[PDB]
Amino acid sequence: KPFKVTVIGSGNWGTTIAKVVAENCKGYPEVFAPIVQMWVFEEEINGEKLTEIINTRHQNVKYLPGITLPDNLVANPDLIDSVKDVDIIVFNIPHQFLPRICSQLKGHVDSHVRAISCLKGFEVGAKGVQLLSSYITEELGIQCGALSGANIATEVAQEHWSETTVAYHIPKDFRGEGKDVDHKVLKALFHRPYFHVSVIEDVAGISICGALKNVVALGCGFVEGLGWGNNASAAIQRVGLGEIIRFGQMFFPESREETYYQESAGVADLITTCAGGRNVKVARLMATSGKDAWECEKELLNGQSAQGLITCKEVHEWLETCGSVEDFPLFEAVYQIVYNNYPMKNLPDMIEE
């Protein structure tokens, strides 16, 4: 009768929503089962199992240090055991691990199971476009939504106020109240006083913003680094928002314009990304120094990557196979500056209408 929730991922973002979910399961005992399972890929810190470190003193010592986890958030090293007659699966693993997790879950989940994908962005390249939520559905046979917004795992964990959008299309095989998941169940599952949740249907809209915003953030960084200021940056954000809407309606049609300017996953996530982050910082240094993206990527983010560098190439490849490159001058301009040696100062002329 009540909904059993499992989180598949355990990382930064994985541990953090699993806490969000565990706090709501305790908060609504008539709706959700008391215990929340979290799939942790077994690792040993100082010869001690990570799964047991979490199952008292309640801290993900490696991926989320200093954050006290509820009591009902139980770590599980077995993927199939964590899924043992689950109702709601919250997918929170890096994109490169999705094919592994899906192949391992095939024939072990359940037709009744409904899922939510916390994986930001979508699949884009020369061969086509695909939502990661749709990959889950066609490799598991389960209904799958998305969670995305202007948020960072570190801030949500420290209970710093931010928002998120949760998108889910109610399926045909729905049977209502205390039996299946609707927008009320999803609102109760994720909403916290420090984490405002808006529940919608548009899974496509929420998803494309998560990737495309990073291409726009590069254009803002270029413009900031050149010393053009806030007004020039705000102009790229406006042009960028328009290109995100255009991309969504062209390839997912399907998608509501409203999602892009009304939701956290849209406009708010674009604003925060263009204000500060990996993509804007790398682009700003490219303009300051004159070094190429990857030189700047190495210098500032050491380990990690500015995902917009990959996205602008992938979007370009998809648009070349569509014959729709002319329709997105900002996306094209960012690609031309990053990969080829386009002047950067020519950005206004390239986007000029």
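Note that residue numbering begins at 1 and tracks the sequence as displayed.
Undergrad: Comparing average C-alpha B factors as deposited, tell me which of 129-137 and 94-102 sits higher.
TA: In the deposited entry, the stretch with the higher C-alpha B-factor mean is 94-102.
Undergrad: With respect to the recorded C-alpha B factors, which stretch has the higher mean value, 286-294 or 24-32?
TA: The stretch with the larger average C-alpha B-factor is 24-32.
Undergrad: Identify, among 78, 201, 224, 263, the residue whose C-alpha carries the highest B-factor in the deposited PDB entry.
TA: Of the options given, 78 has the highest CA B-factor in the PDB entry.
Undergrad: From 237, 143, 272, 82, which pick has the Cα B-factor that tops the rest in the entry?
TA: Highest C-alpha B-factor among the listed options: 82.
Undergrad: Quick check for you: using the entry's CA B-factors within this chain, is residue 168 in the lowest, middle or highest third?
TA: Answer is middle: the recorded C-alpha B-factor places it there.
Undergrad: Test of reading the entry: by CA B factor among the chain's modelled residues, which third contains residue 178?
TA: As the PDB entry reports it, the C-alpha B-factor of residue 178 lands in the highest third of its chain.
Undergrad: Would you please rank residue 320 by its C-alpha temperature factor against the other modelled residues of its chain and give the third it falls in: lowest, middle or highest?
TA: CA B-factor rank for residue 320: middle third.
Undergrad: Considering every modelled residue of the chain and its Cα B-factor in the PDB entry, is residue 117 in the lowest, middle or highest third?
TA: Middle third, going by the recorded CA B-factors of the chain.
Undergrad: Taking only the Cα B-factors deposited for this chain, tell me whether residue 255 sits in the lowest, middle or highest third.
TA: Middle third by C-alpha B-factor.
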